[PDB]
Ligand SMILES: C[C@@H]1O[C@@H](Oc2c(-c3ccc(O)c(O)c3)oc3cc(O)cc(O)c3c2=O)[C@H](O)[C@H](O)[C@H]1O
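Given as structure tokens, the chain that follows is alone and in the form deposited without this ligand.
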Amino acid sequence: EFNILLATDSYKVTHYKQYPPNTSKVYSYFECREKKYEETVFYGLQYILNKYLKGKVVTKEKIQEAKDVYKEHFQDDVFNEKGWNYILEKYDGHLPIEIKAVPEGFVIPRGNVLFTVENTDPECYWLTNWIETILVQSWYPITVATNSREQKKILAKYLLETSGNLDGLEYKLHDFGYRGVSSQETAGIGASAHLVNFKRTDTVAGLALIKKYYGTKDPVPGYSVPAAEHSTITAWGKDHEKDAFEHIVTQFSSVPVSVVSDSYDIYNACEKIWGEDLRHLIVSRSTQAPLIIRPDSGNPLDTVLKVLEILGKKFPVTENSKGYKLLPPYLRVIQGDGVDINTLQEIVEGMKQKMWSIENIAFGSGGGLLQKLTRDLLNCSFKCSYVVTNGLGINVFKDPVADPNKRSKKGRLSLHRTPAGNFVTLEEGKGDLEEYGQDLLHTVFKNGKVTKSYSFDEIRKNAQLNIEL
């Protein structure tokens, strides 16, 4: 069972002894610090609040467990047993913490306050930063959602330019990341974050998380389609690749089906097997049930371009209203190898230069979508900005001489709309001067209760692209 007393960085166990004597309040905030990625999608805090922070999170057993572990871990007795007991006895184990946050799905420029944390009981001054570690992990869903959305911007731009519209945009980036992430829990969180922007996923874990923690009007937030993997082709034997293809497309004759075509020779598969031997099984398919040819090796751009050129000569290609080449509607391509935001950009621009519509293509991304991301990408950071000691409030901050980029904000913070309709973060409690209207943060957690929440539908609406709006 999860124990919040054991879910922090070890050194934080010793911090209650380090703050100034008679400190009654510790107030801290999270931002994606300013230094590509000029704006971030706020997503994921609600999951953390519900799964880990709400309700009775302290018991006698959990306190004893943490005491016993930390005694051995530090080779010394430094654990604040009394402080945790206070929370157990006074609040029935509910955390005396208040969290204010921007609404989930909101798209906010870097360097703005996204959420704040403060203790609601003076005895629990130490609790604010105890939970830094668990709250800071919000960096991951924020970062997946943001990087996913930046890829949606690229796709929308090139789809609009080559086809004249955005039809199918939300199906153009398919999460293949389940095997390439670091755990089952990460799989669910990361997939859910991708689904803020798109509707295609093979990472099943994301569905249950969304259903449990957020909710959608639709039965599921994300979809997949039948597809082969290398084993369902190669198992037929090296001389029987054609037999494999035929069986598979016949088994899935009236739904879309993706068939990995590079087990031995992608160019042969496209030109000779699909393009000649099995062509009669492709040209007979429904617009609602295309074959999706899937290359999976080689230089992604060169391979996509060559596959398209091959198919373009074996199948009837049309020219859309924008002047770009379009495969017949029973035939599409998916590139699911080596795709990240950079190579995605390179492929669509390369297609555009060769006059191929982005209609023709979809992308699968795994490690690039859900794993190859760190807290440094958006400088996701949690810092103390305000304390009260001896009944006096002090605005606090860091400002390292050798890195002004690491300077933190001072005092009590609030988020506001500017006269031009942008966001601004006011420091030093200046939000109280009421020169900038109401604070846009909302209380989302207070004294063990989740006080405000968002459906996955409203998160999606908040996260929409300008061009979509």
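Just count from 1 along the sequence shown to find any residue number.
Another form exists, solved in complex with this ligand; not displayed. Remarks below refer to it.
Taking the partner from the other structure, this ligand in the entry with it bound has no heavy atom within 4.5 Å of any heavy atom of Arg285.
In the entry with it bound, this ligand sits within 4.5 Å of a heavy atom of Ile292.
Contact between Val225 and this ligand in the entry with it bound is found at the 4.5 Å heavy atom cutoff. Of the heavy atoms in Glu359, some are within 4.5 Å of this ligand in the entry with it bound. Of the listed positions (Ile266, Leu127, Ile99, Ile334), a single one reaches within 4.5 angstroms of this ligand by any non-hydrogen atom in the entry with it bound, namely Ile334. This chain lacks the partner; the member of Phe79, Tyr214, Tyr158, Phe176 within 4.5 angstroms of this ligand in the entry with it bound by a non-hydrogen atom is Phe176. Stretch-level contact check against this ligand in the entry with it bound with heavy atoms at 4.5 Å: of 298 to 306, 359 to 367, 182 to 190, 91 to 99, the positive one is 359 to 367.
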